[PDB]
């Protein structure tokens, strides 16, 4: 082992490398249909995908935001499709929690900066949860708050579907031209409840608007740099600057199509170029790692699966990024953002800000209400 490899191992022991996005729970849905009973051998050594419990240990990962992604609604009936996504979301959250609870020596649930650290002190992979698109809440802010209560700590505003709140990057034409009025109001509620905003998959204009409106720092859980590779899913220099002002973190993606114009030419070196570009221009306190492992068939050369994180840490150190800055990129930055999201929420909840409520149908007509008020006054007269 070289001095740089031993340096990288020491860093991975000192601070948690917290990855922004991994779709292993969706692979469990694809391969096992969320039935993991008697499948331990396969969960430790998977016949498919970039994640399993042995390789997770091997790469020395400190924490993970596990994705509770479900696809954009396909159904011709938009009501069924939207509501179906909500039920599927609960299935994915259910399998994530069961995965964590059945493998407590490896995985430990975390929903805060303090719970990340205690998990890391115990030698566990801090296991957090994100949902990937506001299509997953079926237009219900109530449902969103219940997802927060189930352990969800970030919400990607869109996937590759426009929704009632925001525009996806990969869909043309634009629906809202950024955020809708409902989207703008939801940003306030996300800040109030302490839900981290994730701007990956959203349009450049939706990012700009959210970055101006948010009272808490946001993340890109898995996006790369537009100036190195022009793509609808990568972050422009304008939005990198607005991220700096927001105090947020861009978690650099391993998607080959986001790193190079020819996908088969993408490499570990390209991921490092993107980290260094962002770190140099907006500071290493605003850059993270957001693999998107299991959101792709094949990774870059040298970042093929979750065992490869030591090569990334070593590669950053080899380019002259300081230990303190590498530690920031590994996980301290995303911990800070989560910490600030909590603090903003506690501040707004302490001042007693009104929560956003769903628009409900009336269930009682005026005759029922009159009967109720008449009954109440009968009781008052007793």
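Residue numbers count along the first chain shown, from 1.
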Going by the entry, of stretches 144-152 and 226-234 the one with greater average Cα B-factor is 226-234
Of 267-275 vs 69-77, the stretch with the larger average CA B-factor in the entry is 69-77
For 351, 61, 335, 330, the deposited C-alpha B-factor is largest at 351
Reading the B-factor column for Cα atoms of 285, 111, 292, 262, the highest value belongs to 262
Of the three thirds of Cα B-factor ranks in this chain, residue 248 occupies the lowest
Residue 12: C-alpha B-factor third of its chain, per the entry, is the middle
Assert third(CA B-factor, residue 302) within chain per record equals middle
Residue 138: C-alpha B-factor third of its chain, per the entry, is the middle
So, residue 189's CA B-factor, relative to its chain, sits in which third? The middle
